[PDB]
Amino acid sequence: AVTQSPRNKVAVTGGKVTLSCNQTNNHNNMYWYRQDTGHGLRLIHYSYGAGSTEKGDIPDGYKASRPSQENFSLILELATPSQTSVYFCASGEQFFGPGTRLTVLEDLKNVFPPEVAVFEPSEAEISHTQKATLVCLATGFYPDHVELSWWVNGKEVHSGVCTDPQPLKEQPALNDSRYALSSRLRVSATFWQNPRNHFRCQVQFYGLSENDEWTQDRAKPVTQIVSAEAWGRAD
Amino acid sequence: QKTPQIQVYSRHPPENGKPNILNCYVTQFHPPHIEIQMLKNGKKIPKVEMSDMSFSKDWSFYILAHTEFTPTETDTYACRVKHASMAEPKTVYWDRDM
Amino acid sequence: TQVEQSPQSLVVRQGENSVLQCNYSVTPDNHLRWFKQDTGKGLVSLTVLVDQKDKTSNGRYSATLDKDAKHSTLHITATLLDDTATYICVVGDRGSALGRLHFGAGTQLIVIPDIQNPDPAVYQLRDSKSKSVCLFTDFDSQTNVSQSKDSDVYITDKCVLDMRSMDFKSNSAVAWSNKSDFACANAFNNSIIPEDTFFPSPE
Amino acid sequence: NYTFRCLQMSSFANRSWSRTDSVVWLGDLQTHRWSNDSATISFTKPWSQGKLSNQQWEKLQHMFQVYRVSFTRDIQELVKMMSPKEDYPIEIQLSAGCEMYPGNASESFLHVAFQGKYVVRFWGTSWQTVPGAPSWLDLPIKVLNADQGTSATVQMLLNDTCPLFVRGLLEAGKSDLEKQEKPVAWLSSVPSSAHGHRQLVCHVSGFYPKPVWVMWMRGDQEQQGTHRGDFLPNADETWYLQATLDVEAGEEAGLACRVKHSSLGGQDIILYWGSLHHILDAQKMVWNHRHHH
Ligand SMILES: CCCCCCCCCCCCCCCCCCCCCCCCCC(=O)N[C@@H](CC[C@H]1O[C@H](CO)[C@H](O)[C@H](O)[C@H]1O)[C@H](O)[C@H](O)CCCCCCCCCCCCCC
Ligand SMILES: *[C@@H]1O[C@H](CO)[C@@H](O[C@@H]2O[C@H](CO)[C@@H](O)[C@H](O)[C@H]2NC(C)=O)[C@H](O)[C@H]1NC(C)=O
Ligand SMILES: *[C@@H]1O[C@H](CO)[C@@H](O)[C@H](O)[C@H]1NC(C)=O
Ligand SMILES: *[C@@H]1O[C@H](CO)[C@@H](O)[C@H](O)[C@H]1NC(C)=O
């Protein structure tokens, strides 16, 4: 398959941004695309082989570089807000990469990490359904680069889990609003009633890296993992 | 990059002052971009017709240009051909006994 | 704009058929390929159509192509929950290297769960450190959770979870506010909720 | 024996600018014209449609329309594929068609020339680099062969569509093909490259078809120094051939130009040097002689 990285980034208007792309599949020509809502993928730059690149349909603002046959890179010398998209690196009959989420911002002072809170099931839901739901609420983050994971007894669960497809604006009427995201976890009532059981709502946030200079009084909002936890109750 | 060869001739036996047709046929040139012009006494002739360009076995382009006229004793008919083969354009006058 | 897809988004019921259309104007039309994109994930190939009148099937997927009407349909035969994704239709103008691919805007497919046993209930969940939420859960897929009419209250869109240990599926939507007046009972009073909805007394 | 050829000249100037004009000859009569100007092929003769119905011809024009467009964009890419090697301007020529023989028998061809030299041919089911051709062409050849879809329809045109059109065109244009045009002739003279020698010229113009026979004669004896010229074309699709003879000045008399053509039957054109006729013509065409080579 295609191994591109970083799988997620954020940078300010004017920073240098490179997007690596790797593949052991052995294909001569390979492509850089970008996806935006209500458009379908568009060609940016594309290569035919090692040491050779050509302009696609929307090449402005970007560059390309081919060193090896296996590698490829899409380059933003000066970044812009309008270059906020998802980036796919194809290889060819044409097989695609997992994608890269790049939010390019006006100013980095507006970036916040999330506050993760676990809420505990209600004795009513226990009594009536014979099931226990545990709400998670990651709140106050910007931009919306977060993957939410549930970890039961230090092992990640998938069954009985439902995260929101997309987060909601905490203040809709204005643009630069903070975001919040909610996820569920539903176990059997007997399962929740064991105190030996352990719950954690791990949340990976993507923000500043250790390359962007910071000044303000609060801690620099780096890429980090915030998470909350609750324990099983006997009553 | 091959050099154009120009032959200039007439459709009918050339009687003086009688309406006739003059042909300027360029051959052997390459590439196909070329400017054929026909000249009566130095000036160009407002309507000169050209055939569609083709090429021969050797891959060299050729084209027929032909204009209506009347030959005389004094009047000078010529064919000027502009090409990338030559810095100065080739002007070939219509020799009749030729 | 070379290749348009209909509908925009589509909704079908767990284990029922669904139709998808792609309508190109691309010349030449060497081939048409369909792609399935899960959210976050890339593009996985589904099947390839080649001839002037072509028809293929793969698993529950089964698509047919008419190069002379520049039109394709993709059928899913009894849709699963694992199927909620975007379905992109691409067309290739050449069967070599020197050809470029034309991408559709894709169709968003949503598979709503069939829930034979509803149990409409809004519960109140306390934080581990004193702060609460309202969880509206166990309702049939024929009810839509509307957004808040006041920016002090936050109500998330409904979402489907599967306890595949018990072959059990359930809708749910979380709502919370920092305001004092906010009680879990009248939290989804923007949305339409049934009579037999259980609102357990909080005190 | 009839040779039907389709000629395609395409000029790539730079990464943006390009031109494609096409002409189609049956034997040596122009039948088809396709300008870069127009999106459709044109007939140059009434019978150029061949023996084909309106819709039957549409599939051809339409497929070819798809081709012109595709051809450009394909070479334009192939250029990019060889990064340093082969830069603009590029000249590409295609001569393809089929020859006609006694019976159903025919043989088709597709020859491609890059920048003047003939380098690629289609044969059987694939393009191939000609013997004695540059090896860099191999990568572009390999790229083009992967397309079975094209390589299929090219066989269709070469194996089937070509003779099945041309067997038509011939049966549809026998009227214009077997027409007869009588040649006019006139004598004249110029100085020879050699001192004291002169050159006699016999002009033949306005005859159809090509195959003609011009000779300088002293009675029953053909003059061996009679040099035939080349066939120059006329506007109205006739021909022109002059035949020259070099003489020692004062050996001009007694000679005559004889013309044998299919057009006239048996009645050869015999022009006599210094006949009351020859003089009448020559006085009717006198001039100042600037500028005469
Ligand atoms: C063959 C002659 C008999 C014809 C008789 C008819 C006479 C009627 C008069 C009409 C006048 C027309 C003018 C004459 C023009 C000359 C004709 C010469 C034959 C054309 C070739 C046939 C190709 C048809 C198929 C087609 O359209 N294919 C093009 C489209 C292919 C695409 O569409 C197809 C159908 O829609 C299929 O779906 C294919 O799968 C898809 O790939 C394709 O893009 C080809 O790639 C075209 C280029 C081939 C020319 C070879 C280039 C030379 C190689 C040297 C390269 C060196 C460069 C290095 C720097
Ligand atoms: C078109 O005719 C050519 C010959 O003129 C055929 O080419 C042959 O193809 C077969 C494989 O199918 C080979 O075994 C031969 O060696 C080929 N001959 C040459 C000279 O290469 C071709 O099959 C015909 N195609 C169609 C569609 O009729
Ligand atoms: C490409 O060639 C055309 C035609 O000669 C010319 O008008 C144009 O300026 C050229 N483009 C460039 C970028 O040189
Ligand atoms: C030739 O035709 C094509 C399509 O009509 C066009 O893009 C190109 O510019 C034309 N070239 C000319 C007129 O020189």
# chains A, B, ... in the order shown; residues from 1 in each chain; ligands from 1
>>> residues_around(residues="residue 218 in chain A", least_positions_apart="5", cutoff="12 Å", atoms="only C-alpha atoms", output="JSON, numbers by chain")
{"A": [109, 110, 111, 112, 113]}
>>> write_last_selection(atoms="N, CA and C atoms", output="mmCIF file, in the first residue's frame")
data_model
loop_
_atom_site.group_PDB
_atom_site.id
_atom_site.type_symbol
_atom_site.label_atom_id
_atom_site.label_comp_id
_atom_site.auth_asym_id
_atom_site.auth_seq_id
_atom_site.Cartn_x
_atom_site.Cartn_y
_atom_site.Cartn_z
ATOM 1 N N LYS A 109 -2.598 31.823 17.782
ATOM 2 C CA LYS A 109 -3.014 32.203 19.136
ATOM 3 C C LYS A 109 -4.377 31.608 19.519
ATOM 4 N N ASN A 110 -5.094 31.098 18.525
ATOM 5 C CA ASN A 110 -6.470 30.652 18.704
ATOM 6 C C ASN A 110 -6.601 29.142 19.000
ATOM 7 N N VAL A 111 -5.455 28.469 19.111
ATOM 8 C CA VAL A 111 -5.398 27.009 19.246
ATOM 9 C C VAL A 111 -5.526 26.555 20.702
ATOM 10 N N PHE A 112 -6.449 25.624 20.939
ATOM 11 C CA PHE A 112 -6.682 25.053 22.263
ATOM 12 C C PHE A 112 -6.745 23.524 22.239
ATOM 13 N N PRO A 113 -6.165 22.872 23.263
ATOM 14 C CA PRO A 113 -6.319 21.432 23.452
ATOM 15 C C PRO A 113 -7.680 21.134 24.090
#
>>> select_by_dssp(residues="range 51-251 of chain D", states="strand (DSSP E or B)", output="PyMOL selection string")
chain D and resi 90-100+106-114+117-123+126-129+181+184-191+197-208+212-218+221-222+227-228+232-233+239-248
>>> residues_around(residues="residue 229 in chain D", least_positions_apart="4", cutoff="10 Å", atoms="only C-alpha atoms", output="count of residues only")
8
>>> atom_distance(atom1="CA of residue 15 in chain A", atom2="CA of residue 106 in chain A")
11.1 Å
>>> closest_residue(among="C:26, C:11, C:44, C:183", to="ligand 1", atoms="only C-alpha atoms and all ligand atoms")
C:26
>>> residues_near_ligand(ligand="ligand 4", cutoff="9 Å", atoms="only C-alpha atoms and all ligand atoms", output="PyMOL selection string")
chain D and resi 16-21+35-39+68-69+72
>>> decode(residues="range 148-169 of chain D", atoms="N, CA and C atoms", output="PDB file, in the first residue's frame")
ATOM      1  N   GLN D 148      -4.618  -2.149 -25.161  1.00  0.00           N
ATOM      2  CA  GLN D 148      -5.247  -3.135 -26.037  1.00  0.00           C
ATOM      3  C   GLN D 148      -6.435  -2.536 -26.789  1.00  0.00           C
ATOM      4  N   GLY D 149      -7.136  -1.604 -26.143  1.00  0.00           N
ATOM      5  CA  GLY D 149      -8.324  -0.952 -26.705  1.00  0.00           C
ATOM      6  C   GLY D 149      -8.074  -0.165 -27.979  1.00  0.00           C
ATOM      7  N   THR D 150      -6.943   0.537 -28.030  1.00  0.00           N
ATOM      8  CA  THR D 150      -6.522   1.243 -29.240  1.00  0.00           C
ATOM      9  C   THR D 150      -5.986   0.226 -30.235  1.00  0.00           C
ATOM     10  N   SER D 151      -4.973  -0.522 -29.800  1.00  0.00           N
ATOM     11  CA  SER D 151      -4.339  -1.553 -30.614  1.00  0.00           C
ATOM     12  C   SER D 151      -5.345  -2.515 -31.240  1.00  0.00           C
ATOM     13  N   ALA D 152      -6.544  -2.582 -30.665  1.00  0.00           N
ATOM     14  CA  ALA D 152      -7.627  -3.374 -31.236  1.00  0.00           C
ATOM     15  C   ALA D 152      -8.241  -2.655 -32.431  1.00  0.00           C
ATOM     16  N   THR D 153      -8.669  -1.415 -32.221  1.00  0.00           N
ATOM     17  CA  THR D 153      -9.365  -0.667 -33.264  1.00  0.00           C
ATOM     18  C   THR D 153      -8.477  -0.270 -34.442  1.00  0.00           C
ATOM     19  N   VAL D 154      -7.163  -0.258 -34.219  1.00  0.00           N
ATOM     20  CA  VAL D 154      -6.188   0.030 -35.280  1.00  0.00           C
ATOM     21  C   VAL D 154      -6.086  -1.162 -36.232  1.00  0.00           C
ATOM     22  N   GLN D 155      -6.173  -2.363 -35.670  1.00  0.00           N
ATOM     23  CA  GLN D 155      -6.267  -3.579 -36.464  1.00  0.00           C
ATOM     24  C   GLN D 155      -7.551  -3.569 -37.288  1.00  0.00           C
ATOM     25  N   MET D 156      -8.630  -3.065 -36.686  1.00  0.00           N
ATOM     26  CA  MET D 156      -9.932  -2.990 -37.346  1.00  0.00           C
ATOM     27  C   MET D 156      -9.849  -2.141 -38.610  1.00  0.00           C
ATOM     28  N   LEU D 157      -9.247  -0.961 -38.484  1.00  0.00           N
ATOM     29  CA  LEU D 157      -9.088  -0.039 -39.604  1.00  0.00           C
ATOM     30  C   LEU D 157      -8.133  -0.562 -40.672  1.00  0.00           C
ATOM     31  N   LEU D 158      -7.040  -1.185 -40.237  1.00  0.00           N
ATOM     32  CA  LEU D 158      -6.036  -1.712 -41.158  1.00  0.00           C
ATOM     33  C   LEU D 158      -6.471  -3.000 -41.837  1.00  0.00           C
ATOM     34  N   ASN D 159      -6.944  -3.964 -41.052  1.00  0.00           N
ATOM     35  CA  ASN D 159      -7.326  -5.263 -41.592  1.00  0.00           C
ATOM     36  C   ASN D 159      -8.627  -5.225 -42.389  1.00  0.00           C
ATOM     37  N   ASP D 160      -9.610  -4.476 -41.888  1.00  0.00           N
ATOM     38  CA  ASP D 160     -10.973  -4.529 -42.425  1.00  0.00           C
ATOM     39  C   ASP D 160     -11.456  -3.235 -43.079  1.00  0.00           C
ATOM     40  N   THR D 161     -11.482  -2.158 -42.302  1.00  0.00           N
ATOM     41  CA  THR D 161     -12.104  -0.902 -42.721  1.00  0.00           C
ATOM     42  C   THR D 161     -11.443  -0.258 -43.937  1.00  0.00           C
ATOM     43  N   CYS D 162     -10.121  -0.386 -44.044  1.00  0.00           N
ATOM     44  CA  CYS D 162      -9.384   0.213 -45.161  1.00  0.00           C
ATOM     45  C   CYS D 162      -9.808  -0.368 -46.517  1.00  0.00           C
ATOM     46  N   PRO D 163      -9.575  -1.677 -46.752  1.00  0.00           N
ATOM     47  CA  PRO D 163      -9.966  -2.214 -48.054  1.00  0.00           C
ATOM     48  C   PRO D 163     -11.474  -2.145 -48.301  1.00  0.00           C
ATOM     49  N   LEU D 164     -12.274  -2.274 -47.243  1.00  0.00           N
ATOM     50  CA  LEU D 164     -13.732  -2.260 -47.378  1.00  0.00           C
ATOM     51  C   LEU D 164     -14.279  -0.862 -47.641  1.00  0.00           C
ATOM     52  N   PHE D 165     -13.414   0.133 -47.506  1.00  0.00           N
ATOM     53  CA  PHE D 165     -13.739   1.491 -47.896  1.00  0.00           C
ATOM     54  C   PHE D 165     -13.277   1.704 -49.329  1.00  0.00           C
ATOM     55  N   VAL D 166     -12.005   1.384 -49.577  1.00  0.00           N
ATOM     56  CA  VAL D 166     -11.315   1.634 -50.852  1.00  0.00           C
ATOM     57  C   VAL D 166     -11.857   0.813 -52.031  1.00  0.00           C
ATOM     58  N   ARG D 167     -12.265  -0.428 -51.773  1.00  0.00           N
ATOM     59  CA  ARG D 167     -13.019  -1.199 -52.763  1.00  0.00           C
ATOM     60  C   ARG D 167     -14.314  -0.456 -53.106  1.00  0.00           C
ATOM     61  N   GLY D 168     -14.854   0.263 -52.121  1.00  0.00           N
ATOM     62  CA  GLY D 168     -15.994   1.151 -52.320  1.00  0.00           C
ATOM     63  C   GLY D 168     -15.641   2.374 -53.148  1.00  0.00           C
ATOM     64  N   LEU D 169     -14.750   3.219 -52.624  1.00  0.00           N
ATOM     65  CA  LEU D 169     -14.314   4.457 -53.302  1.00  0.00           C
ATOM     66  C   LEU D 169     -14.002   4.290 -54.788  1.00  0.00           C
TER      67      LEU D 169
END
